[PDB]
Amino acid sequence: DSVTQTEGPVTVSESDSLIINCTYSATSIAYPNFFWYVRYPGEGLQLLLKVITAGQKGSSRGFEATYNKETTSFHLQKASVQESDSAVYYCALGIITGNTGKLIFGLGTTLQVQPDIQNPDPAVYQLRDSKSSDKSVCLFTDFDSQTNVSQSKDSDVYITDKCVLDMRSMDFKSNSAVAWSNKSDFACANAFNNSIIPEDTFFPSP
């Protein structure tokens, strides 16, 4: 008596179509209750959609799933994916027994929806400390979503992974990564060189 779903992680471009597969095995009862739960980043688990009648479909946040009795499935689909859809998705099975409800979850699929940056200007900047001077920080920002930031190889250098910032005044989105070190002879112009950075990346003189 279980649930199987796409392993993932599933990385996809903004506005693209999306299918998350879910197959269920219900040995206890013929037709159980069907659910999709969603865990948004840094939020609590919540009901996305449900189908408590076999053969029917459920809809929410542009997502739809059909309780298909013949294929024993509850595939999640959305035609145009958005950045805020990035979360962990869980297919679940609800069967009642012994007078008490019971709920079996799938492993969970992590969906990562990459925003499309329309006018990217990849740049590496040096930022100075507001108070003291102990180290210096570098910021690689405004690069396109296809670019991946590789982790540090030298144990004295710290390079974070990219994260997507959204200014709520205009619909301005931007990727960025931070790099720092106290190790002497560390330059911002070399900080991110172990990554495959765009050939047009702007390296100003600090």
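For every residue, the number given is its place in the sequence shown, counted from 1.
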**Request:** May I ask you to compare 96 to 104 and 116 to 124 by their mean CA B factor in the entry and name the higher one?
**Result:** 96 to 104
**Request:** Averaging only over Cα atoms, indicate whether 105 to 113 or 129 to 137 has the higher B-factor in the PDB entry.
**Result:** 129 to 137
**Asked** Say you rank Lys50, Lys69, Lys153, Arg39 by Cα B-factor from the PDB entry; which sits at the top?
**Response** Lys153
**Per the PDB entry, maximal CA B factor within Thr27, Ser176, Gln46, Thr160** = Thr27
**Prompt:** Ranked by Cα temperature factor within the chain, is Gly55 in the lowest third, the middle third or the highest third?
**Reply:** highest
**Request:** Would you check the entry's CA temperature factor for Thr6 and let me know if it's in the chain's lowest, middle or highest third?
**Result:** middle
**Item:** Ranked C-alpha temperature factor of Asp166 among modelled chain residues, by third
**Value:** highest
